[PDB]
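Trainee: The structure that follows is given in the form of structure tokens.
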Amino acid sequence: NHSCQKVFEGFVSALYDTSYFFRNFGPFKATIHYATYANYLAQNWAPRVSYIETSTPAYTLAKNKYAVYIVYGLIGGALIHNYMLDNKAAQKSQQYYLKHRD
Amino acid sequence: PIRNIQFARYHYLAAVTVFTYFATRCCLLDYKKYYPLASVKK
Amino acid sequence: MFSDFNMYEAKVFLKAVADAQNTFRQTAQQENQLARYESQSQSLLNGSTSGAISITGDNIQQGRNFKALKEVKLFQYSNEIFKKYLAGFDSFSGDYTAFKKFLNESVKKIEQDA
Amino acid sequence: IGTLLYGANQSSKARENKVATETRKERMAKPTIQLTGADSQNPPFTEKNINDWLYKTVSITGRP
Amino acid sequence: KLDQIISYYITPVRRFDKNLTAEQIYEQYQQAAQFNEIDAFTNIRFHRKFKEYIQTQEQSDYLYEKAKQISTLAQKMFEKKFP
Amino acid sequence: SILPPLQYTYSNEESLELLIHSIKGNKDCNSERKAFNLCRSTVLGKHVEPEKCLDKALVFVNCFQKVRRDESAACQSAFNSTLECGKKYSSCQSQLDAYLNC
Amino acid sequence: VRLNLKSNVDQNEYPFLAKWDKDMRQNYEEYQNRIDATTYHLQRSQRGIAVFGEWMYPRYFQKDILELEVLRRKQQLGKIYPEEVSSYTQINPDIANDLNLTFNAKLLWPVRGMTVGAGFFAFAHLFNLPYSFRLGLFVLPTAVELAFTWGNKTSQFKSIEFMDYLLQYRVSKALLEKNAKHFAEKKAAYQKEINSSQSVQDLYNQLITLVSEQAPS
Amino acid sequence: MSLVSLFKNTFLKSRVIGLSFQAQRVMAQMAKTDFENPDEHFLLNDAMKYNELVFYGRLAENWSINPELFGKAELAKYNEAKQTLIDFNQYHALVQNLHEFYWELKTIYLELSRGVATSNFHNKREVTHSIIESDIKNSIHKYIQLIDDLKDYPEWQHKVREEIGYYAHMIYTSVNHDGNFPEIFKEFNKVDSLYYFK
Amino acid sequence: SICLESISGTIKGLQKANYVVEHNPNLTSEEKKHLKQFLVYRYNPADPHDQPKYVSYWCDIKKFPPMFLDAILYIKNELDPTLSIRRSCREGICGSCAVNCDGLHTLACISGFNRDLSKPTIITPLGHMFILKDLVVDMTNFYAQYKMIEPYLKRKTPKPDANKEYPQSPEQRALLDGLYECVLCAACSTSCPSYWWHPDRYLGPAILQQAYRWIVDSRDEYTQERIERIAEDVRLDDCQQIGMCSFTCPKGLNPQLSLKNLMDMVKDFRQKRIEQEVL
Amino acid sequence: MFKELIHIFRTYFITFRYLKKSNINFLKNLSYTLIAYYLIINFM
Amino acid sequence: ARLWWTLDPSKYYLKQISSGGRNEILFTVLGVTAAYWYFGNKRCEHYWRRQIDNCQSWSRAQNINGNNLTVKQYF
Ligand code: SF4
Ligand code: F3S
Ligand code: FES
């Protein structure tokens, strides 16, 4: 370009140096490392239900052949129990405020 | 030998449908445009 | 359930009923607010005139003739009437029904002695 | 570290105590409220209204 | 769902008796907001006591109407005592 | 926590009775109610001078109270039948239409 | 509901009340039409089946309950004047900003985004970047400001609070002009013998508590 | 009593040795992968103890163990595992530096490519500017020096010439033989130019 | 500095040159037209004063054989010798003369230009490849991609005969028949859209077909390694099964089918690496 | 969806090739987290 | 290719922990317990609310400076 190319180089070098300092400054480097591994664990080892069962059926745990139905039962029971608790709370509130209405 | 392949398919389809339902609001329209072309009661 | 047309008939009619009750409330409150402001202004001007309260900017101070304030007389009479009739007031630990009964008894006594 | 935290907590409690005692002085700088007759027999102090009567001087009649 | 919606619309409506006329209803609303000069000192005690017996608008309205009746009687007596 | 709180607690019987009486009033007291809403629409009548709307409000409330009384024996019988149907409901349109014709 | 535009106020004895009534009746048609459209939308949405309505109602139709509430409140207050806005700056500053963000008073040109993009244009003109990058880095901050400006529904709640406050203020100010004639005689004596700008409603409560604490009783 | 120390030591030794067994496979796979995104096939096909290997290698090189709990064979195996993890860390640093240099060359190539595309109505320049030529010259010099430094490792030298030098060849194909072209590519037109049929 | 002027020039450039989208200078001034019109692309990036310069030649069809290469040679021998073009085999076997023969990437020599004198015929370089000179693109990026696939026989194990031939049989010979006939003319690659957008990370139809030929070679025992090499990033995945790589092959090969089978093997290869590696 | 969307971005847009697959896989993680958060909160 | 839409999960995430299946029962128990705590308080707030108007619910409005809010008729 022109004489401003020196300013361009200075600015880009300053940005590079700041990035380098921030990345591998001991505490920041350690916390970025731990954050990267935590992100890997979260994304790749999420609580799935479908997975490759390479082991023979004589080796697969019964905890794995029934985990789907355990999860479905727990979620459905939680939902129906929440609905029942909402109905019970509604009737309880109505009865209580009818008793205290007088 | 994927376990619960049907469940995985159903879960992915349900997630996609729910996301498209909430992100686009396709099933929850606004009928203010249709209000002028309507006959009122009372 | 009923038809949605009937449900909306009910909706608009209940809106009108609530608005009518709010109209009653607004009229009563407005006329009594006029009366209340007139009474409060008259009380303040009378108190300042008879040298019972000294008003300096924001805070009022007790004067020499403070014992002759109509507000002081009202306070004494309120305390006396509460003592004589509302005996159990400010300490009634009973339930709401018992509180209503006590208030009704006090009202009947005051009506007898009105 | 524990002793430093305890010292900070006690300093905060001292500030709260100063605020409380100044509020109590403001409450007590008022003239005494007389309770004679039925006003004695049915004192206005109750657990529901205690915060509205704390550190207020009363002259109440009754039998110890 | 329309049942729940009309319940929400029902709630703001006060339950006045069937046999009351509109004029009597308006009178009962007048007495609730009735100015007595004695109220300024009785209202403090009334509010302090009723602050714990109020959970429902029905209780609020009944207690405040009773307090206003007491205040009106006290004001009548006071004005008959201090002409 | 977002739905509006209730002011007056209505029992099921009271709510159904108010529903049916409001429907009857809107089919009967429509003119007075419309006049009252006409008075209560302007700034004056709604906020500044509600004193003007006093007579129209009284007329409307008197008409509604007359509806709530339903002194007619046929009206009482049909209303009781509709209330019974509604309480069994914890449909009813034919009963309502039979009642409203009275 | 089909309120005629001409007001019946005197306009020579209650100028404020007449102006308020004129503004209320002038804009009544537009706000009434928008209210009708919103109510029809809500009714038809309630009329839906399962996940199309009557299940997601009114829990998920919260952007039009707010619109209906704002429309009704603004219908009551026909026009908001800048003099009355500044008073609410005592309670909440930037209330004019909230009203602009919610009420289509003017065109909210992205001044901040445009000047930030111009700042990028200055740097892109020093260590020369292509004009494609210049256009992109001009659009980006303007787009950011537009995203952070429009859709702000908390401004709608702030405007609801302001409209409730202004409605109450106008109702009270309307009563002031009606009873100004009646209180003229008492006002002179009250002002001349009580030198205090405190309100009578505020002074009297001081008297009430003063008699409550220190009185011969 | 020393439950915390026991658990820390057993966790560290377990992870370190387990990832020491599955370390040469990961290094070999990273060798197969191109220098552009050497961590690919782990983000896409199989993350076969790659991220776990990096994390626990850094931990092992930056943690300490209590030799009281270890046996003699256990401590020898753990120390060999720690050495393998440190070598993996050095290998990862090497491949990351090579990948970053590859991306430097690819950035030069993409800057050239954006100036020739038909969609580029934004800026059409017949002649490359001075600073891009200087960057090309400097990067080619660095690439030649890198190849010279890998003279003791013929396989690594061949991989670098195949992968990193390919974009140098692409830059060669994108520029006419005019102006300072002979001087800019003077280091390139000695050996690696003939590797790409030039 | 050099930015704003460049932007103004280029925006003014194409807009003022999109109207004149074919320059068409004439070699000479002619009046009577009994001759076919040849719009031959001309560009010599050796002198600063030169731009893509379609030249309209007029010449009798009869005087040269009905081949595009013969027509170009007639143009570049008698009328304008400055024209350049690669050609050696004259039989459609070397692949040197691959050019855009009237909107199609086919070998110039084994090709027939249209006989209608009214409609001009346009000859252009191979297309999405840098232009060294008139109709002479540089296929060096193509050639280099041929080096990556390791196109030589690779044996894991030796044979016990040590004095005889690798047993291949006639049936297994036919597997690589229809794959080895490619002349590396690079006419499918320059007409393959996936190669248009990613000349770097996409090997191309011809190169992937050569890789498939070496993979299905019966003697070759590095099938898995070759699959791994080609089943990396978008080396092969970028192919979109468009089918234009087969429509324009002068030798009648089927690069589309070759790449389809290669992708099928890759898709099986990913699955096979789990089923056949579990212990 | 994300795979082919990224492929479309990479094929046609030259400047999208500046992003190495390390950054793209980071966009993948962020997008998946955002989608999970969106689905969770829309039911709350 | 030209056929990429499948509901089948990607094999990249289909891996499995060495000590059994992916941790789902534990995480679903944690989620259910979190749901009970979360949809146990909004239920408490929803059904135990009443609206009261008393003239005692109102308190003097104040500015950001703390002094009482009084707006003049003519500002
Ligand atoms: S496959 Fe056919 S068109 Fe393609 S390079 Fe080979 S001979 Fe030419
Ligand atoms: S057009 Fe190219 S994309 Fe595939 S089938 Fe043909 S090789
Ligand atoms: S000259 Fe040999 S292919 Fe044409």
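By convention here, the chains of the structure tokens are called A, B, ... in the order presented, each chain's residues are numbered starting at 1, and ligands are numbered starting at 1 in the order presented.
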Produce as a ChimeraX atom specification the set of residues near ligand 1, where near means within 7 Å with only C-alpha atoms and all ligand atoms considered.
Mentor: /I:95,182-189,205-206,245,248-253,255
Trainee: For ligand 2, collect every residue having any atom at a distance of at most 10 Å from a ligand atom (counting only C-alpha atoms and all ligand atoms); output as a PyMOL selection string.
Mentor: (chain I and resi 188-196+202+204-206+208-209+236-248+254-260) or (chain K and resi 1-2)
Trainee: Taking C-alpha atoms for each residue, export the selection above as a short mmCIF file (atom, residue, chain, number, x, y, z; two decimals), in the first residue's frame.
Mentor:
data_model
loop_
_atom_site.label_atom_id
_atom_site.label_comp_id
_atom_site.auth_asym_id
_atom_site.auth_seq_id
_atom_site.Cartn_x
_atom_site.Cartn_y
_atom_site.Cartn_z
CA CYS I 188 -14.86 -34.28 -17.80
CA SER I 189 -13.08 -32.55 -14.91
CA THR I 190 -13.38 -29.12 -16.55
CA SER I 191 -17.09 -29.83 -17.18
CA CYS I 192 -17.77 -31.33 -13.73
CA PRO I 193 -19.40 -28.71 -11.45
CA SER I 194 -17.99 -30.19 -8.24
CA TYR I 195 -14.53 -29.63 -9.75
CA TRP I 196 -15.50 -26.07 -10.69
CA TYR I 202 -11.69 -32.37 -5.09
CA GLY I 204 -11.97 -34.80 -10.08
CA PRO I 205 -13.89 -37.40 -12.06
CA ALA I 206 -10.97 -38.61 -14.19
CA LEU I 208 -11.12 -40.61 -9.05
CA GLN I 209 -11.87 -42.99 -11.92
CA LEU I 236 -14.43 -37.88 -3.26
CA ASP I 237 -17.47 -36.73 -1.27
CA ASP I 238 -17.69 -33.52 -3.32
CA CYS I 239 -19.01 -35.46 -6.34
CA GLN I 240 -22.75 -34.82 -6.60
CA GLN I 241 -23.74 -37.59 -9.06
CA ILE I 242 -24.65 -34.89 -11.58
CA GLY I 243 -23.66 -37.10 -14.50
CA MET I 244 -21.91 -34.58 -16.75
CA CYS I 245 -18.56 -36.32 -16.28
CA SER I 246 -19.92 -39.19 -18.39
CA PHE I 247 -21.85 -37.16 -20.97
CA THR I 248 -18.67 -35.53 -22.32
CA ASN I 254 -18.48 -43.81 -17.35
CA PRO I 255 -16.84 -41.59 -14.71
CA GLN I 256 -20.25 -41.10 -13.09
CA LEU I 257 -20.63 -44.84 -12.55
CA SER I 258 -17.01 -45.16 -11.43
CA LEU I 259 -17.46 -42.45 -8.80
CA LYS I 260 -20.83 -43.90 -7.75
CA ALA K 1 -23.86 -37.75 -3.36
CA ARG K 2 -27.47 -36.57 -3.65
#
Trainee: Could you give me, as a ChimeraX atom specification, each residue of chain A that DSSP assigns to helix (DSSP H, G or I) when run on this structure's backbone?
Mentor: /A:4-23,26-44,62-65,67-99
Trainee: For chain C, report every residue with an atom at most 10 Å from chain A (counting only C-alpha atoms), formatted as number ranges by chain.
Mentor: C: 95-97, 100
Trainee: Let me see the file: selected residues, C-alpha atoms, as a compact mmCIF listing (two decimals), in the first residue's frame.
Mentor:
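Dumped everything to out.txt:
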# COMPACT_ATOMS: atom_id res chain seq x y z
CA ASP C 95 -60.81 -17.03 63.68
CA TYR C 96 -62.44 -14.94 60.97
CA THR C 97 -65.96 -16.07 61.87
CA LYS C 100 -67.09 -11.14 62.32
Trainee: Quick one: pull the distance between atom CA of residue 36 of chain A and atom CA of residue 19 of chain A, Å, one decimal.
Mentor: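 These two atoms are separated by 17.0 Å.
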Trainee: Extract, using only C-alpha atoms, all DNA, RNA and protein residues at most 9 Å from residue 9 of chain B, discarding same-chain residues fewer than 6 positions from it, and format them as a short mmCIF file (atom, residue, chain, number, x, y, z; two decimals) with C-alpha atoms, in the first residue's frame.
Mentor:
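Result file follows (part-v6.cif):
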data_model
loop_
_atom_site.label_atom_id
_atom_site.label_comp_id
_atom_site.auth_asym_id
_atom_site.auth_seq_id
_atom_site.Cartn_x
_atom_site.Cartn_y
_atom_site.Cartn_z
CA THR K 6 -32.00 -39.99 7.00
CA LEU K 7 -33.50 -40.16 10.47
CA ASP K 8 -30.79 -42.62 11.52
CA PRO K 9 -28.43 -41.17 14.14
#
Trainee: Which chain H residues are at most 9 Å from chain K (counting only C-alpha atoms), as a PyMOL selection string?
Mentor: chain H and resi 42-47
Trainee: How about saving the chosen residues, N, CA, C and O atoms kept, as a CSV table (one decimal), in the first residue's frame?
Mentor:
chain,number,residue,atom,x,y,z
H,42,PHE,N,-11.5,-37.1,13.6
H,42,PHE,CA,-11.8,-37.1,15.0
H,42,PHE,C,-13.0,-36.2,15.4
H,42,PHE,O,-13.8,-36.5,16.3
H,43,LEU,N,-13.1,-35.1,14.6
H,43,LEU,CA,-14.4,-34.3,14.7
H,43,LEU,C,-15.5,-34.9,13.9
H,43,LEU,O,-16.7,-34.6,14.2
H,44,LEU,N,-15.2,-35.8,12.9
H,44,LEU,CA,-16.2,-36.3,12.0
H,44,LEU,C,-16.4,-37.8,12.2
H,44,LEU,O,-17.5,-38.3,12.4
H,45,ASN,N,-15.3,-38.6,12.0
H,45,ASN,CA,-15.5,-40.1,11.8
H,45,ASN,C,-15.4,-40.8,13.2
H,45,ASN,O,-16.4,-41.5,13.5
H,46,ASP,N,-14.3,-40.7,13.9
H,46,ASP,CA,-14.2,-41.3,15.2
H,46,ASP,C,-13.2,-40.5,16.1
H,46,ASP,O,-12.1,-40.3,15.7
H,47,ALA,N,-13.7,-40.0,17.2
H,47,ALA,CA,-12.8,-39.4,18.2
H,47,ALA,C,-12.3,-40.4,19.1
H,47,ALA,O,-12.5,-40.4,20.3
Trainee: Residues of chain C within 9 Å of chain D, counting only C-alpha atoms - could you list those as a CSV table (one decimal) with N, CA and C atoms, in the first residue's frame?
Mentor:
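What ended up in out.csv:
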chain,number,residue,atom,x,y,z
C,79,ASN,N,-60.2,7.0,70.6
C,79,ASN,CA,-59.6,6.1,71.7
C,79,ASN,C,-60.7,5.7,72.7
C,82,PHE,N,-63.2,3.2,71.0
C,82,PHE,CA,-62.5,1.9,70.9
C,82,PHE,C,-62.4,1.2,72.3
C,83,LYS,N,-62.1,2.0,73.3
C,83,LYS,CA,-62.0,1.4,74.6
C,83,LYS,C,-63.4,0.9,75.1
C,84,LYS,N,-64.4,1.7,74.9
C,84,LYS,CA,-65.7,1.3,75.5
C,84,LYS,C,-66.4,0.2,74.7
C,87,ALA,N,-63.7,-3.5,72.6
C,87,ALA,CA,-62.9,-4.0,73.8
C,87,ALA,C,-61.8,-5.0,73.3
C,88,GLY,N,-62.2,-6.0,72.5
C,88,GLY,CA,-61.3,-7.0,72.1
C,88,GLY,C,-60.5,-6.7,70.9
C,89,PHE,N,-60.6,-5.5,70.3
C,89,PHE,CA,-59.9,-5.1,69.1
C,89,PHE,C,-58.4,-5.0,69.4
C,90,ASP,N,-57.6,-5.1,68.3
C,90,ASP,CA,-56.2,-5.1,68.3
C,90,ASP,C,-55.5,-6.3,69.0
C,91,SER,N,-56.3,-7.2,69.6
C,91,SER,CA,-55.8,-8.4,70.2
C,91,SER,C,-56.6,-9.6,70.0
C,92,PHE,N,-57.7,-9.5,69.2
C,92,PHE,CA,-58.6,-10.6,68.9
C,92,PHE,C,-57.8,-11.7,68.1
C,93,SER,N,-57.5,-12.8,68.8
C,93,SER,CA,-56.8,-13.9,68.1
C,93,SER,C,-57.7,-15.0,67.6
Trainee: Please write out the residues within 7 Å of ligand 3 as a ChimeraX atom specification, counting only C-alpha atoms and all ligand atoms.
Mentor: /I:87-98,107-110
Trainee: Since we have the selection now, will you write its residues out, keeping C-alpha atoms, as an mmCIF file, in the first residue's frame?
Mentor:
data_model
loop_
_atom_site.group_PDB
_atom_site.id
_atom_site.type_symbol
_atom_site.label_atom_id
_atom_site.label_comp_id
_atom_site.auth_asym_id
_atom_site.auth_seq_id
_atom_site.Cartn_x
_atom_site.Cartn_y
_atom_site.Cartn_z
ATOM 1 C CA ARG I 87 -1.892 -31.771 -30.378
ATOM 2 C CA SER I 88 0.251 -34.818 -30.979
ATOM 3 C CA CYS I 89 -1.728 -37.996 -31.604
ATOM 4 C CA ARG I 90 -4.217 -36.871 -34.293
ATOM 5 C CA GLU I 91 -6.242 -39.997 -33.412
ATOM 6 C CA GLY I 92 -7.983 -39.187 -30.127
ATOM 7 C CA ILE I 93 -5.596 -41.322 -28.068
ATOM 8 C CA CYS I 94 -3.194 -38.904 -26.315
ATOM 9 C CA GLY I 95 -5.742 -36.443 -24.924
ATOM 10 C CA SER I 96 -3.632 -33.393 -25.765
ATOM 11 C CA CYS I 97 -6.194 -31.388 -27.761
ATOM 12 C CA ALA I 98 -9.063 -31.277 -25.256
ATOM 13 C CA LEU I 107 -11.167 -33.842 -27.947
ATOM 14 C CA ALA I 108 -10.625 -31.550 -30.921
ATOM 15 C CA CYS I 109 -9.311 -34.180 -33.341
ATOM 16 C CA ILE I 110 -12.102 -36.756 -32.858
#
